[PDB]
Amino acid sequence: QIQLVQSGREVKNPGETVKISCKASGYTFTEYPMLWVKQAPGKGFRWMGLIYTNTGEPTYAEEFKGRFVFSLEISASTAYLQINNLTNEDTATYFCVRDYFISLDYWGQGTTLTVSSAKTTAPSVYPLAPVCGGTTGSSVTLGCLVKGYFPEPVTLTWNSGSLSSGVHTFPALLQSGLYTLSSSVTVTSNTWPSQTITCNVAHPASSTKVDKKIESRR
Amino acid sequence: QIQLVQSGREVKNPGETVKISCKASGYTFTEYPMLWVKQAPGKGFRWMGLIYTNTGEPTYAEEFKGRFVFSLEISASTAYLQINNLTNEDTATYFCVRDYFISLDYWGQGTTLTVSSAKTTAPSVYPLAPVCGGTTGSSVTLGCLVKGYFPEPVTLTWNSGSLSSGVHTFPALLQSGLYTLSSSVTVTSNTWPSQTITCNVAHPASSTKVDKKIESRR
Amino acid sequence: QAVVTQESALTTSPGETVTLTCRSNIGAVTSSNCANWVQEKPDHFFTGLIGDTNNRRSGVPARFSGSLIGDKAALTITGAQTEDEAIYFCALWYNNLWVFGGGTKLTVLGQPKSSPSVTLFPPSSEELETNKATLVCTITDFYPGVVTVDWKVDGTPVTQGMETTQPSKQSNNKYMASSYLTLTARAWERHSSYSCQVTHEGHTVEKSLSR
Amino acid sequence: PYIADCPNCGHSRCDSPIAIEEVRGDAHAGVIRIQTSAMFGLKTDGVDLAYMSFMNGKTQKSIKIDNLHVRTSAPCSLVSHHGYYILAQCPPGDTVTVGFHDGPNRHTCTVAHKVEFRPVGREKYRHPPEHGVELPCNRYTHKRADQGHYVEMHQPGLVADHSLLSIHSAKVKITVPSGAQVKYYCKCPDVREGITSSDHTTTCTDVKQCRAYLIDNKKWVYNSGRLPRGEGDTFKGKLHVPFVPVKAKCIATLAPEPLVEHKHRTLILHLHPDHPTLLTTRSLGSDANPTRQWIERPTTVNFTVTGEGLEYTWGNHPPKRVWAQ
Amino acid sequence: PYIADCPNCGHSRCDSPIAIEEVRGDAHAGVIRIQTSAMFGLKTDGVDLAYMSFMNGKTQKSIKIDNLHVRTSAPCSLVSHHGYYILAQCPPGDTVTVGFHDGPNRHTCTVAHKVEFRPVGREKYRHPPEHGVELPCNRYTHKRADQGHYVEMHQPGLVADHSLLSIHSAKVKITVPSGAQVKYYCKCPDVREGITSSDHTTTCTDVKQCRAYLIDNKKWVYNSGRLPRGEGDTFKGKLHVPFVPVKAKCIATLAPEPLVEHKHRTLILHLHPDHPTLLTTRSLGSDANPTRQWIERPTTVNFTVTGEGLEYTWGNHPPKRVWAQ
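Protein chains in written order, with the deposited numbering: chain G, 3001 to 3218; chain K, 4001 to 4218; chain H, 3501 to 3711; chain F, 1501 to 1825; chain J, 2501 to 2825.
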């Protein structure tokens, strides 16, 4: 019914601008305005303002009057947050939210911004296959290591997303100035290596797409 | 800050009159009137009345309209209770009290009257020194026995009152028509008998003052 | 210019009744503050529970009810469930803006413990072609969500080279984490026995590779 | 819920949220439409007309309506509320006197306004009866689904709030509601506009020489005369009126029937009303020769009826007619 | 808190502690100063003007003021209380009708008194407005720090209390409050004064033939006409009045401006007031030829102005002047 799906997470060096979209589904856009909330890493939840999706007038919280600008692609049921002249302390997650029932009833997924200086490094995608010997159980765990990229984000799927059950994707972590991510997938021992299992990785900032099929070590 | 200090306790034979003073300290006498309360030996607390320390008008409780008369040495911040034609069942303690904060906030020490027929007998003051042998501890307890006086009260101090810590004065008790009182004092074994320790006793009713230095038995 | 305050953490057991409160620094909370209660489950997952003090969002179990108790807004979970373990935030309206509370972390007894599923992978060969080798140790489905990961190259506790992520909550409400041990193509070829040891609710699990 | 300056607010001129403007004792049905500066109705958010949101502090208080009291010379009867606006059935009164009860305090508001209730009809009652003829009165509706007019309702100007201007242990310290726009400087030279979070004040020290302001234009207001202008602009906010004056047929007046008595080309009429009744006639000759007189005291009257006819109007009772040959 | 005989105490003549004497509808500001026989204010002892001590029994009851009601034709508005005395803003009323609510009972008191409120000015309003000119009215204060007059307040006389006269299983048995002075004898011959603790009665038996009296002069009273004299003496107790009549400038009246119209040495004036307005003039010749007329009905009037001038006084609106050459 109601889905507010947000854009993916960006990386931006200080000074830049970002436009975060919020695409609304399930309600009539026009009778319910949008709340923009900032949940800062430590600090907790904060109201950034509200936009009248009918007239188009924004209210900003005083903390947010200035670099922040709400707007909407009415026509497509999108509300957008734009933060100009990005300050380093704006790294946090921003949620869109529907104001209804004397409060807020639905929250989006969040779009996380990491304001940070750094060039652009494409990831190296490495297959993780089991040890050279044996590996005999009722199931089997394969993996995919996405190493050394910048900036965030990368997306990772298994078999173009048709294999989602039994998957653990591990949050990217910064190490020596670069991000590293990994994912595991577990399937029955009959599936692999009988049927092909492929790691799909995209790094938008570098226009890098890598498809890596997990092959047996021998 | 606020101290209401009362006169000392009297003895009076039936028929007599007594004037109990209450000297006030810490407040402006004039903006706070005085409550006189009777706490009778068994019976508990009873309001005797209130005096407007500004105008001077007294209110008496109905139980107290008659033999009781409130007055004040305004000038000296004193309020006084006078009970005329003393009845034997007036033995009790009388407290002065400050009326403030929609009740009473400070109470005095009390002046206890013992209405009782009897002549005037001066006390005999006896030193109480430790047993003739040894008495070796980290400290030492001396005493003073004030025997056979009438009426109450007697006052007792140690070294003119400069020695008050470690003192136990025992309430006077009536035995064979006379009062007997006693006191102990405990000091380090180095103090006594090196330094002089003296019991000071006064019996106002007989104009008796006795200073008795505690001497070693040998 | 108003400060909403909430309990920091509350622990309950499945089946109990628990109350969370929301206090306003300016005065009693009233119906014109339109108390809202929001729940945050792991993965930045937000849902609204109650709005306008006592209106339950649609599709929110009835075990949840809001009200004003004394001078504060309250959320009562009647028959708390294991699934209710999350962070609850209250929001209060103040004539022109919203102020959110700090949130209350609620813990509910349930979810029997679960041992980790550990897997250690060898450096792939395309990566050994870079003059680098990274041993990945993945640990998933463990609960409670706390582990100790220790690496041991050739019998000797490695102590430099490793990095272990922080336990992240999976969907089923169990946790996961991975640890990396980066060697050089060369360090790789030198030593011979690698092992990733994971300690969880007292049992240990060691997964060793042999080059 | 706007807040303005009530004129005789129990003691004297307070600033009540229910500050009464635009009293309208202009209808007939015992009814007055009033505007409080307070916006009762739904809550802050979405529910239940029968709740109660006034301003306490800078803040609303959207709670129950429990003990409203409009009143005049006597206590009125509420009819309905919508928005800033209430309809209430009142008797006549030299004044109008309004007030609810929050619960800790009476917190009322009162005002001067000449009120009367003539019912429509040649009877000058003081009050609507239970019976009588219906005829076209002027009156306000019960309802809200109403657009027949709309009044301008643009922004508020600033407002004072010296609760803001605290002290930073030597300097006067302003704060903010929620990040709202606080317009600030002092008589001394320091920060001159104020569009900020919580500022301090380098220069001045005294709270009594500074600009404690709240540009908080997230919600518009009624354009009361007791409003300070929002100097920036005529913002939008055209907003309806619920209680339109409508052409209701009031349950209405009727005067007791006359006693018709014959004479030679002459109507003696012993007459005996309930209330002051405007009687009048029309001698139907081209010589009209009409008559008018309010009758409240019972009176035997006379009418020289002519040959062709006369007509006779006992109040809003229908007009009679008479052959006197 | 004195207790006297209220005249129409709900049913009829009770003895209310709030028995109303000295109604004073003599000021202008909608205000009446009243004396209850009850002394509200602080408690028995020392705290909080806004508490409430009347007499129940022989005894006080110094508790909260929760639900006072002065009223007249309409419910009044309290202004302030001090001592026996209350100030309250009332409308006009043929009577005055006072009462609190102890909580178990209404327990009111009511009285006749002709009340009006003319505001000072040539406008005869019925009520003070929100606006208009200020001018020197007569009015009572809010405050207590007041000495401008003082009324005699000496002792109470005795009072009846037949709750005292119990029965000693065959004889009628008097008791005492607190050792108070009970003045006692019966129609038969027994103890003839009574200055005692709890006595019995040797001779008489019936409660209805004995002197249940309370000489309890530990606290003086107001010298109400509904007091029995304390026969012994004029004791002291000169005691102030709080609510002195003072020369406040009431927020006061103003009549709508006139429509000036020229004619040859003549002022036509179409005129249209709010309330009855005393207009008057002074043809400034040594022939004064003044005029006075209260105007409440709108009226086009005329004034033969002379050569040298006329003046014109539209209510308490300032006097105008006119050259008609």
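Each residue gets a CB set at the ideal place from its N, CA and C atoms; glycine is no exception.
* Of all Cβ atoms in chain G, is any one closer than 8 Å to the Cβ of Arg3557(H)? -> Locating residue 3557(H) in the third sequence gives position 57, where the first residue counts as 1. With a threshold of 8 Å between beta carbons, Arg3557(H) makes contact with chain G.
* Asked: For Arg2765(J), does the three-state DSSP call read helix, strand or coil?
  -> What you label residue 2765(J) is simply residue 265 of the fifth sequence in a count that begins at 1. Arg2765(J): coil per DSSP, three-state reduction.
* **Cutoff 8 Å: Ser1573(F) Cβ touching any chain J Cβ** => For this step, residue 1573(F) is matched to residue 73 along the fourth sequence. The Cβ of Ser1573(F) sits closer than 8 Å to at least one Cβ of chain J.
* **Three-state class that DSSP yields for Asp3090(G) in the structure shown** => Here the question's residue 3090(G) lines up with position 90 in the first sequence. Of the three classes helix, strand and coil, the one that applies to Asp3090(G) here is helix, per DSSP.
* In three-state DSSP terms, what is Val2682(J)? -> For this step, residue 2682(J) is matched to residue 182 along the fifth sequence. Residue state for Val2682(J) is assigned as coil, using DSSP reduced to three classes.
* Asked: Given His1631(F), which residues of its chain have a CB within under 8 Å of its CB, disregarding the five upstream and five downstream residues?
  -> Sequence index remark: in the fourth sequence, residue 1631(F) carries index 131 (1-based). If we look at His1631(F) and ignore the five residues flanking it on each side, its Cβ neighbours are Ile1751 and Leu1754.
* **Cutoff 8 Å: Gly3137(G) Cβ touching any chain H Cβ** => Numbered from its first residue, the first sequence carries residue 3137(G) at position 137. For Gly3137(G), no Cβ of chain H is located within less than 8 Å of the residue's own Cβ.
* DSSP beta-bridge partners of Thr3665(H) -> The residue labelled residue 3665(H) in the question sits at position 165 within the third sequence. Residue pairing by DSSP places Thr3665(H) opposite no residue, since no beta bridge is assigned to it.
* Asked: DSSP on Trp3688(H), reduced to helix/strand/coil?
  -> Here residue 3688(H) is taken as the residue at index 188 of the third sequence, counted from 1. Helix, per DSSP.
* Burial state of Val3005(G) (16 or more Cβ within 10 Å) -> Here residue 3005(G) corresponds to residue number 5 of the first sequence, with the count starting at 1. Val3005(G) is exposed by the Cβ-count criterion.
* Looking at C-alpha atoms only, which residue of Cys2688(J), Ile2715(J) and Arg2711(J) is the closest neighbour of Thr2702(J)? -> Counting from 1 along the fifth sequence, the entry for residue 2702(J) is found at position 202. If we check each option's Cα against that of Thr2702(J), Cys2688(J) comes out closest.
* By a C-beta neighbour count over all protein chains shown, 10 Å radius and 16 as the cutoff for buried, is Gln4195(K) buried or exposed? -> The residue labelled residue 4195(K) in the question sits at position 195 within the second sequence. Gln4195(K) is exposed by the Cβ-count criterion.
* For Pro3204(G), the three-state DSSP class (helix, strand or coil) -> The residue given as residue 3204(G) occupies position 204 in the first sequence. Helix.
* How is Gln3109(G) classed by DSSP in three states: helix, strand or coil? -> Taking the first residue of the first sequence as 1, we reach residue 3109(G) at position 109. Under the three-state reduction of DSSP, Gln3109(G) is assigned to coil, being neither helix nor strand.
* **Burial state of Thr3659(H) (16 or more Cβ within 10 Å)** => Residue numbering aside, residue 3659(H) sits at position 159 when the third sequence is read from its first letter. So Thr3659(H) counts as exposed.
* **Alpha carbon of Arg1639(F) to alpha carbon of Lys1747(F), nearest angstrom** => One-based indexing of the fourth sequence puts residue 1639(F) at position 139. One-based indexing of the fourth sequence puts residue 1747(F) at position 247. Straight-line spacing of the CA atoms in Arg1639(F) and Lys1747(F) works out to 7 Å.
* With a cut-off of 8 Å on the beta carbons, I'd call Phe4101(K) and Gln4039(K) a contact; round off their distance for me. => Taking the second sequence and counting its residues from 1, one reaches residue 4101(K) at position 101. Taking the second sequence and counting its residues from 1, one reaches residue 4039(K) at position 39. Going by Cβ atoms, the distance from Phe4101(K) to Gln4039(K) rounds to 21 Å, so no, they are not a contact pair.
* chain J contact for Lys1624(F) (CB, 8 Å cutoff) -> For this step, residue 1624(F) is matched to residue 124 along the fourth sequence. No, its Cβ sits nowhere closer than 8 Å to a Cβ of chain J.
* **Segment limits, beta strand (DSSP E) that includes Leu3178(G)** => The sequence position of residue 3178(G) within the first sequence is 178, counting from 1. Note, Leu3178(G): beta strand (DSSP E), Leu3178 to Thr3188.
* To do: Whole angstroms is fine: what's the gap from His1649(F)'s alpha carbon to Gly1583(F)'s?
  => Numbered from 1 along the fourth sequence, position 149 holds the residue referred to as residue 1649(F). Numbered from 1 along the fourth sequence, position 83 holds the residue referred to as residue 1583(F). Distance between the alpha carbons of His1649(F) and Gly1583(F): 14 Å.
* From the DSSP output, read off the bridge partner residues of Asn3555(H). => In the third sequence, the residue the question calls residue 3555(H) occupies position 55. Answer by DSSP bridge pairing, in chain order: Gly3551(H).
* Would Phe2803(J) be called buried (16 or more neighbouring beta carbons within 10 Å of its own) or exposed? -> Within the fifth sequence, numbered from 1, the residue matching residue 2803(J) stands at position 303. Counting every other CB atom within 10 Å of its CB across the protein chains shown gives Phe2803(J) a total of 16 or more, marking it as buried.
* To do: Verify the contact flag: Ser4138(K), CB atom, against every heavy atom of the ligand ZN, threshold strictly below 7 Å.
  => Only the bare structure without any ligand can be found here, which leaves the ligand ZN out of the picture.
* To do: Using the Cα positions of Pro1656(F) and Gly1732(F), report the straight-line distance between them to the nearest angstrom.
  => Taking the fourth sequence and counting its residues from 1, the one referred to as residue 1656(F) is at position 156. Taking the fourth sequence and counting its residues from 1, the one referred to as residue 1732(F) is at position 232. Taking the straight line from one Cα to the other gives about 10 Å.
* Quick one, which residues of the stretch 1625 to 1657 of chain F are near chain G if we go by CB-CB under 9 Å, in chain order? -> Within the stretch 1625 to 1657 of chain F, contact with chain G at the beta-carbon level (separation under 9 Å) is assigned to no residue.
* **Beta-carbon proximity check, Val3011(G) vs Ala3172(G), cutoff 8 Å** => To locate residue 3011(G), count along the first sequence from 1; it is residue 11. To locate residue 3172(G), count along the first sequence from 1; it is residue 172. A distance of 8 Å or more separates the beta carbons of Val3011(G) and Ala3172(G).
* **residue 2988(G) - DSSP class collapsed to helix/strand/coil** => It is not possible to answer for residue 2988(G), since the shown part of chain G is limited to 3001 through 3218.
* Beta bridge counterpart(s) of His3700(H) as assigned by DSSP -> Position 200 of the third sequence, counted from the start, is the residue given in the question as residue 3700(H). Its beta-bridge partners are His3703(H).
* To do: Starting from the Cα of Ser3513(H), find the closest Cα among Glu3689(H), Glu3706(H), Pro3623(H) and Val3608(H) and give me that residue.
  => Position 13 of the third sequence holds residue 3513(H). Closest option to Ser3513(H), judged by alpha-carbon separation, among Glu3689(H), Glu3706(H), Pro3623(H) and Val3608(H): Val3608(H).
* What residue from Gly3661(H), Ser3668(H), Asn3672(H) and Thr3664(H) has the CA that sits closest to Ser3165(G)'s CA? -> For the purposes of this step, residue 3165(G) is taken as residue 165 along the first sequence, with counting starting at 1. Nearest neighbour of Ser3165(G) by Cα position, chosen from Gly3661(H), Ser3668(H), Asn3672(H) and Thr3664(H), turns out to be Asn3672(H).
* **Neighbour list for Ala1612(F) in chain J, Cβ cutoff strictly below 7 Å** => Position 112 of the fourth sequence, counted from the first residue, corresponds to residue 1612(F). What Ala1612(F) touches in chain J: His2627, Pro2629 and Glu2630.
* Asked: At a CB-CB cut-off below 9 Å, which residues of chain G make contact with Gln3670(H)?
  -> Start at 1 with the first residue of the third sequence, and residue 3670(H) comes out as number 170. Correct list: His3168.
* Looking only at DSSP bridge pairs, what is residue 4222(K) linked to? -> With chain K covering 4001 to 4218 only, the question about residue 4222(K) has no answer from this structure.
* Mind listing the chain F neighbours of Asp3552(H)? Cutoff is C-beta to C-beta under 7 Å, in chain order. => Taking the first residue of the third sequence as position 1, residue 3552(H) is located at position 52. Result: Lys1543, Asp1545, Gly1546 and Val1547.
* Roughly how many whole angstroms lie between the Cα atoms of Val1615(F) and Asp1594(F)? -> In the fourth sequence, counting from the first residue as 1, residue 1615(F) sits at position 115. In the fourth sequence, counting from the first residue as 1, residue 1594(F) sits at position 94. When only Cα atoms are considered, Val1615(F) and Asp1594(F) end up about 6 Å apart.
* So which of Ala4079(K), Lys4213(K), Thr4121(K) and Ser4138(K) has the shortest CA-CA distance to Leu4174(K)? -> Looking up residue 4174(K) in the second sequence gives position 174. Comparing Cα-Cα distances from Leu4174(K) to each of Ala4079(K), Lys4213(K), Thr4121(K) and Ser4138(K), the minimum goes to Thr4121(K).
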